[PDB]
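Undergrad: Chains as they are written, first to last, in my numbering: chain Y, 1 to 416; chain S, 1001 to 1414.
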Ligand code: HEM
Ligand code: HEM
Ligand SMILES: N=C(N)NCCCC[C@H](N)C(=O)O
Ligand SMILES: N=C(N)NCCCC[C@H](N)C(=O)O
Ligand SMILES: [Zn+2]
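#1: I need the straight-line Cα distance from residue 160 of chain Y to residue 292 of chain Y, nearest angstrom please.
#2: For residue 1010 of chain S, count neighbouring Cβ atoms within 10 angstroms of its own Cβ and tell me buried if that reaches 16, exposed if not.
#3: Could you tell me whether the Cβ of residue 1098 of chain S comes closer than 8 Å to any Cβ of chain Y?
#4: Should residue 1171 of chain S be labelled buried (16 or more other beta-carbon atoms within 10 Å of its own) or exposed?
#5: With DSSP run on the structure shown, which of helix, strand or coil describes residue 1189 of chain S?
#6: Keeping to the same chain, check which residues put their C-beta closer than 6 Å to that of residue 316 of chain Y; ignore five residues upstream and five downstream.
#7: Just checking residue 364 of chain Y against ligand 1 - is the residue's beta carbon closer than 7 Å to any of the ligand's heavy atoms?
#8: Looking only at its chain, what residues have a beta carbon closer than 6 Å to the beta carbon of residue 1048 of chain S, apart from the 5 residues adjacent to it on each side?
#9: Just curious, the beta strand (DSSP E) that residue 1144 of chain S is in, first and last residue?
#10: Taking the alpha helix (DSSP H) that residue 423 of chain Y belongs to, which residues open and close that run?
#11: Interface residues of chain S around residue 40 of chain Y at Cβ under 9 Å?
#12: Could you check how far apart the C-beta atoms of residue 1382 of chain S and residue 1393 of chain S are, in whole angstroms? I think they sit under 8 Å.
#13: Are any of the Cβ atoms in chain Y nearer than 8 Å to that of residue 1386 of chain S?
#14: Any residues in the region 328-342 of chain Y with a beta carbon nearer than 7 Å to a beta carbon of chain S? Which ones, in chain order?
#15: Taking all protein chains shown into account, do 16 or more other C-beta atoms lie within 10 angstroms of the C-beta of residue 152 of chain Y, making it buried, or fewer, making it exposed?
#16: Report all residues from its chain with a CB closer than 6 Å to the CB of residue 1246 of chain S; omit the five preceding and five following residues, and keep chain order.
#17: I'd like to know if residue 1131 of chain S contacts chain Y, where contact means its C-beta is closer than 8 Å to some C-beta of that chain.
#18: Any beta-carbon of chain S closer than 8 Å to the one on residue 422 of chain Y?
#19: Per DSSP, what are the beta-bridge partners of residue 65 of chain Y in this structure?
#20: Near residue 367 of chain Y, which residues of its chain fall below 6 Å by C-beta distance, leaving aside the five closest residues on each side in sequence?
#21: For residue 353 of chain Y, does the three-state DSSP call read helix, strand or coil?
#22: Please name the residue in Y:62, Y:127, Y:3, Y:177 whose C-alpha comes closest to that of residue 141 of chain Y.
#23: Tell me the rounded alpha-carbon separation between residue 1004 of chain S and residue 84 of chain Y.
#24: Enumerated in chain order, which unbroken segments of the beta strand (DSSP E) with a length of 3 residues or greater are wholly contained in the region 260-328 of chain Y?
#25: Please determine, among S:1239, S:1036, S:1069, S:1407, the residue with the shortest C-alpha to C-alpha distance to residue 1270 of chain S.
#26: Let me check understanding here. Comparing Cα to Cα, which of Y:241, Y:59, Y:340 lies closest to residue 303 of chain Y?
#27: By alpha-carbon positions, which one of Y:351, Y:311, Y:286 ends up nearest to residue 146 of chain Y?
#28: Would residue 30 of chain Y pass as a contact of residue 1017 of chain S if the rule is Cβ separation under 8 Å?
#29: With residue 338 of chain Y as the anchor, note down where its alpha helix (DSSP H) starts and where it stops.
#30: Please name the residue in Y:163, Y:117, Y:162 whose C-alpha comes closest to that of residue 24 of chain Y.
#31: For the beta strand (DSSP E) containing residue 44 of chain Y, list its first residue and its last residue.
#32: For residue 266 of chain Y, go through chain S and note every residue whose CB falls closer than 7 Å to its CB, in chain order.
#33: By the criterion of Cβ-Cβ separation under 7 Å, what are the contact partners of residue 27 of chain Y in chain S?
#34: What do you reckon, are the CB atoms on residue 276 of chain Y and residue 284 of chain Y nearer than 8 Å?
#35: Taking CB distances under 8 Å as the criterion, tell me whether residue 1324 of chain S reaches chain Y.
#36: Taking 8 Å as the limit between beta carbons, can you name the residues of its chain near residue 345 of chain Y, skipping five residues before and five after?
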């Protein structure tokens, strides 16, 4: 039959063919010899600093392609405006070596990038993104203003709205606009003498980096870190977020009265700030985006990973579970209650959140929409299936083809 | 050339050099990753009506033999040299060859070791290999299968085993076991599409009744075996009940659980896969070990397209099945898995939970890193269906690739 990957759903027995992957203009880590699809950071997309301006030839075909996607999207492919915009980009790359995006094009690409993200299970919301254009930004101080504006609009007092702020693209031989923090909001990770980490172990490097840059470190388990903002060709500057802007949710359990006493909490706004936004060849090194959490992110990964808060044992001890034998499923039991606590605490606080069941169901809906609209949907199985109750969600039984489409969000090396 | 493999829990890294030995292609390409797919679109095992290019067969053979002699520290020895020549000799003359019992035993063990989707590979060295190549009838396969089951079950103290029937022969039909497992519960489609029993076995059940099997009418009716000898119609054989050990399911504290009347069989014995060694193919080589609790408690009993007992348990647990955020599914899945573990332990039948199983697999990875410089593993299949990131394997990157000897899927005989 069809000469594209055959994708099957084992729960429903249905079949589909992905023809969209034929559009993938970039390779991944896989080869007929071995599958490296479980690797978190395979050296493939990696947007390593390529300082010396890019092959005018390469950037052109990448730009020619994006512009086609844009006119296609507004149903004007082949129009006079399309060709003119085409000649316009070529000319500008001819004389300056680079080019710029019109307002509407930036909005279109930001959305496509989210739309194209293989690891995002919340893409059914892709068409509803607020795009803040901050391409005029020219100082670390100004970056801080936009970021604060972003957090204010995105948080919206608990009724969270997806958003993205776009700072100046990379320029020939010039410094990049960079946000050193991985997320606009993160908790400190303090390296202790005995060797342990107080707070979040994932943020130890960035925590010390702030200290080295003048931040007076605290000593709590949930200290909100300051932002290290770097304008072109300048050392990063330090900025502390107005506490009132950072909305947090204390965690309590619906029926375990002692859980609230654990003093656990989490911030409501998940805002990735270290990824690179790539559109038509142009690279936006600073372009923080945010949506709203899926309960397992906080409840299972953040609070229970061995290398994070690792609270599983403490909660199980409080639940009086037999933690000396794997077969008592003490880990499974404590993980459930903790996730329940997170969901319950957000609903009480009236802060937007979605459980892993609702989330995956809507992603199945998104896959159907995309099958029709584009002939497929790039998806990373290991990342789409939740960290708990995997097979209990519909995505587990859905095969998925993973590949890279552009516009795209890519990982980039740390500025330091 | 050599992939870096990281464990995000410990920050450790390793380089997989074993994949260089991979001589078989997967479904992945630089353009897109199809690793989440269960069955190969082309990596099948096409017919054997005409011999296989001697060039090909011969090279796989020389490689396997070389493998076999390295394993017993007699590489380049005299015996080794004379074995290669025997194989060269037989192939040139008949277009095929035959393995010696000891090579077969070695090959079977390696096939399991190379099984990317198996989490219990730490046991790969402990496998009882029954040579059943001296089989000429379906009636004989049945006695062999019965002995395998008796031995493997060992009154609850399960022991891993494999039984190897005659290899495929060009132009001749295959010895086949139609059933996917030696023990499966019938799936009876009612009238209105619903199904009584295991929905996964509807087809095999229908084929049985179509060959003279008198169907039962329960949810856990042990199916008969449809054994087939070359170019013959499959024959029906019912398994002696005293031979099929089962475990009634009950819960530690929830007195009512037993009411549900749920049960499962002790022996997980796959029978529709193909064993390949030195280019030779064993179309009927049933193998077995013991269950990991999740296969039963999560997949077989909770999958939507399987027994799908999730809602019944939740209602009995008097949980709020009105909304998803109540995590009633997660809570009920946990108790059902606890019940399987409890029930199996009570009945003194071997079983391993997913926490213990994945811990042992991590050790296997390390053992294999030193022994071969890598270990082919399929992440999606190695990480359990529940409590994924709560186990060490979730946080471990993995490389998937095909090594031979190997167990492979093959077309359905009908
Ligand atoms: C509206 C709610 C949204 C939900 C609930 C959602 C949920 C998720 C989840 C569960 C992941 C994986 C998290 C992890 O395992 O670390 C993810 C990844 C991702 N999401 Fe979404 N997402 C949403 C909004 C957004 C938005 C607004 C964008 C971009 C404009 C976006 C872009 C991405 C990207 C790029 C990744 C992968 C990041 C990485 O590689 O670490 N998401 N999302
Ligand atoms: C000692 C106990 C064993 C345990 C606990 C174990 C556990 C598992 C599990 C959980 C899977 C995935 C099952 C699924 O999701 O359908 C698996 C797959 C597999 N195992 Fe094992 N295993 C054991 C013994 C064996 C033995 C003795 C062999 C062969 C000699 C073997 C060969 C395989 C193969 C080929 C697969 C993949 C089957 C497929 O593609 O569907 N395993 N094992
Ligand atoms: N819900 C969203 N938008 N998630 C984006 C992923 C990064 C958040 C991270 N997993 C965390 O738990 O903080
Ligand atoms: N534990 C073992 N040996 N598993 C092998 C796979 C076949 C069993 C299947 N998953 C089932 O649930 O029946
Ligand atoms: Zn792959």
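By construction, the Cβ of each residue, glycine as well, lies at the ideal position given by its N, Cα and C atoms.
TA: Concretely, from the data shown:
#1: Position 160 of the first chain holds residue 160 of chain Y. Position 292 of the first chain holds residue 292 of chain Y. Straight-line Cα distance between these residues: approximately 6 Å.
#2: Within the second chain, numbered from 1, the residue matching residue 1010 of chain S stands at position 10. So residue 1010 of chain S ends up on the exposed side.
#3: Counting from one through the second chain, the residue named residue 1098 of chain S turns up at place 98. So no, residue 1098 of chain S is outside the interface.
#4: The residue you call residue 1171 of chain S lines up with position 171 of the second chain. With fewer than 16 Cβ atoms within 10 Å of its Cβ, residue 1171 of chain S is classed as exposed.
#5: Here residue 1189 of chain S refers to the residue found at position 189 when the second chain is read from its first residue. Strand at residue 1189 of chain S.
#6: The residue given as residue 316 of chain Y occupies position 316 in the first chain. Result list for residue 316 of chain Y: 323, 330, 334, in chain order.
#7: Residue mapping note: residue 364 of chain Y aligns to position 364 of the first chain, counting from 1. Answer for residue 364 of chain Y: no, Cβ out of range of ligand 1.
#8: Start at 1 with the first residue of the second chain, and residue 1048 of chain S comes out as number 48. Same-chain partners within the cutoff: 1168, 1170.
#9: The residue you call residue 1144 of chain S lines up with position 144 of the second chain. That residue, residue 1144 of chain S, is in no beta strand (DSSP E); its alpha helix (DSSP H) goes 1138-1153.
#10: Limits of chain Y in this structure are 1 at one end and 416 at the other, which puts residue 423 of chain Y out of reach.
#11: Translated into the one-based positions of the first chain, residue 40 of chain Y becomes position 40. What residue 40 of chain Y touches in chain S: 1006, 1008, 1397.
#12: Numbered from its first residue, the second chain carries residue 1382 of chain S at position 382. Numbered from its first residue, the second chain carries residue 1393 of chain S at position 393. Residue 1382 of chain S to residue 1393 of chain S, Cβ: 5 Å. Contact.
#13: Within the second chain, numbered from 1, the residue matching residue 1386 of chain S stands at position 386. At least one chain Y Cβ lies under 8 Å of residue 1386 of chain S.
#14: 329, 331, 332, 333, 335, 336, 339, 340
#15: Numbered from 1 along the first chain, position 152 holds the residue referred to as residue 152 of chain Y. Residue 152 of chain Y is exposed by the Cβ-count criterion.
#16: Counting from 1 along the second chain, the entry for residue 1246 of chain S is found at position 246. Contacts found: 1263, 1265.
#17: Here residue 1131 of chain S refers to the residue found at position 131 of the second chain. Answer no: the Cβ-Cβ gap between residue 1131 of chain S and chain Y never drops below 8 Å.
#18: Because chain Y in this structure spans residues 1 to 416, residue 422 of chain Y falls outside the shown range and cannot be described.
#19: Here residue 65 of chain Y corresponds to residue number 65 of the first chain, with the count starting at 1. Answer is none; residue 65 of chain Y lacks a bridge partner.
#20: Position 367 of the first chain, counted from the start, is the residue given in the question as residue 367 of chain Y. 377.
#21: Looking up residue 353 of chain Y in the first chain gives position 353. The answer is coil: DSSP assigns residue 353 of chain Y none of H, G, I, E or B.
#22: The residue given as residue 141 of chain Y occupies position 141 in the first chain. The option with the nearest alpha carbon to residue 141 of chain Y is Y:177.
#23: Within the second chain, residue 1004 of chain S is the residue found at index 4, counting from 1. Within the first chain, residue 84 of chain Y is the residue found at index 84, counting from 1. Each residue's Cα considered, the two are about 46 Å apart.
#24: 265-267, 276-279, 282-284
#25: Taking the first residue of the second chain as 1, we reach residue 1270 of chain S at position 270. Comparing Cα positions, the closest option is S:1407.
#26: Translated into positions along the first chain, residue 303 of chain Y becomes position 303. Closest by alpha carbon: Y:340.
#27: Here residue 146 of chain Y refers to the residue found at position 146 when the first chain is read from its first residue. When only C-alpha atoms are compared, the closest one is Y:286.
#28: Within the first chain, numbered from 1, the residue matching residue 30 of chain Y stands at position 30. Within the second chain, numbered from 1, the residue matching residue 1017 of chain S stands at position 17. The answer is no: Cβ separation not under 8 Å.
#29: Locating residue 338 of chain Y in the first chain gives position 338, counting from the first residue. Here the alpha helix (DSSP H) through residue 338 of chain Y covers 330-348.
#30: Against the first chain, residue 24 of chain Y aligns to sequence position 24. Selected option, being the one with the closest Cα: Y:117.
#31: The residue labelled residue 44 of chain Y in the question sits at position 44 within the first chain. Unbroken run through residue 44 of chain Y: none, as it is neither H nor E.
#32: In the first chain, the residue the question calls residue 266 of chain Y occupies position 266. Residues of chain S passing the Cβ test: none, with the nearest at roughly 16 Å.
#33: Reading the first chain from its first residue, position 27 is the one you call residue 27 of chain Y. By Cβ distance, chain S contributes 1030, 1031.
#34: On the first chain, position 276 is the one that residue 276 of chain Y refers to. On the first chain, position 284 is the one that residue 284 of chain Y refers to. In contact: residue 276 of chain Y and residue 284 of chain Y (Cβ atoms closer than 8 Å).
#35: By 1-based counting over the second chain, the position of residue 1324 of chain S is 324. Cβ-Cβ to chain Y under 8 Å: yes for residue 1324 of chain S.
#36: Stepping through the first chain from its first residue, residue 345 of chain Y is reached at position 345. Once the five neighbours on either side are set aside, the close Cβ partners of residue 345 of chain Y are 249, 250, 251, 252.
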